[PDB]
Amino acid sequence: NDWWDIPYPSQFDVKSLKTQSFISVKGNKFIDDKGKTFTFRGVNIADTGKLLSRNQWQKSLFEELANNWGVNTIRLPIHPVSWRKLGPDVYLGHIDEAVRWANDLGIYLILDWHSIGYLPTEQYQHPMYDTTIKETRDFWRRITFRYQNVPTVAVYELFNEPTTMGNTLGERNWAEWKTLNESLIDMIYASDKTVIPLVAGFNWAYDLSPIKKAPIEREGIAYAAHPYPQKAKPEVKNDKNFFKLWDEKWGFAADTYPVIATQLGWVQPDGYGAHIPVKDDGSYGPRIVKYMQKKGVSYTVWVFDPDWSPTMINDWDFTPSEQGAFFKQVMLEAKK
């Protein structure tokens, strides 16, 4: 009841962590602070609140991924509805856990403000993604203060999937979206310059083409891409044609800036939770990996969860799904 006695916030204790290199942006690539080229390779897990509700929010989940799936990265998709439901303090308290767990295993975190829609009009694909410019600024202000000088937390993914859904959510406008991303970047950099902001384009984070002529005018950033199988629609389905379409929409970005494909994956058209644009016969697997390997692109597969689709696992014993078994072997081999 005494609002005047509500404490000012605290910062994560950097001394609680074991030594871990910082990742940074240099030209079109990520490097570690030993100067060696770095690639984020890993997975999304579900929202922290979803996992807590079935007691699945545990270090054992991070251990499974690091020890058996070859990941060096986990993406945490923080859904705004969950942020509000747990409340900032409780949610950050659990992010703290993820930081200690990831640090101990030598892996990195992407913190993703996981909304879908058009932030300038504050209209969204679904209420679970509902937010405001104000709440979005405040999330990043709180996150940047708390995790200042923390190497484990490597990437701040500002807004998961910008889309206007055919302009039903607003009129998509690059200038307006660019300015808003630059405004978030300035808030972040005023508080911690060692973090990497990750910026997304339109069409559910698929279309980076506006940066050919109007890139975000800030250094040290990377760009997101969500190249699901059915985004590119060539008439003849083969490597060359998919490669050319990927090149035009997002791939070109990797020539100049680092790119993280923070969501990608597939399930069979008659498989679990099959929906556009993630339906595929499986050939997309080797194709997207070949393309990303050629261009040096980083990635986090969606999703290491047995309820959310497309799944990487069929149960909480970690039985791999089709795409799970595929990506698991890709990541284990890349780690070698």
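Note that residue numbering follows the sequence shown and begins at 1.
When 276 to 284 is weighed against 43 to 51, 276 to 284 comes out higher, by mean CA B-factor as recorded in the entry. In this entry, 240 to 248 shows the higher mean Cα temperature factor of the pair 223 to 231 and 240 to 248. Comparing the listed residues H126, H79, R137, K193, the entry records the largest Cα B-factor for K193. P258 sits in the middle third of its chain by CA B factor, as recorded in the PDB entry. Placement of the Cα temperature factor of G106 within the chain: highest third of the modelled residues, per the deposited record. Per-chain ranking of the deposited C-alpha B factor places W302 in the lowest third. Sorting the modelled residues of the chain by their CA temperature factor places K85 in the middle third. Among the modelled residues of its chain, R75 has a C-alpha B-factor that falls in the lowest third according to the deposited record.
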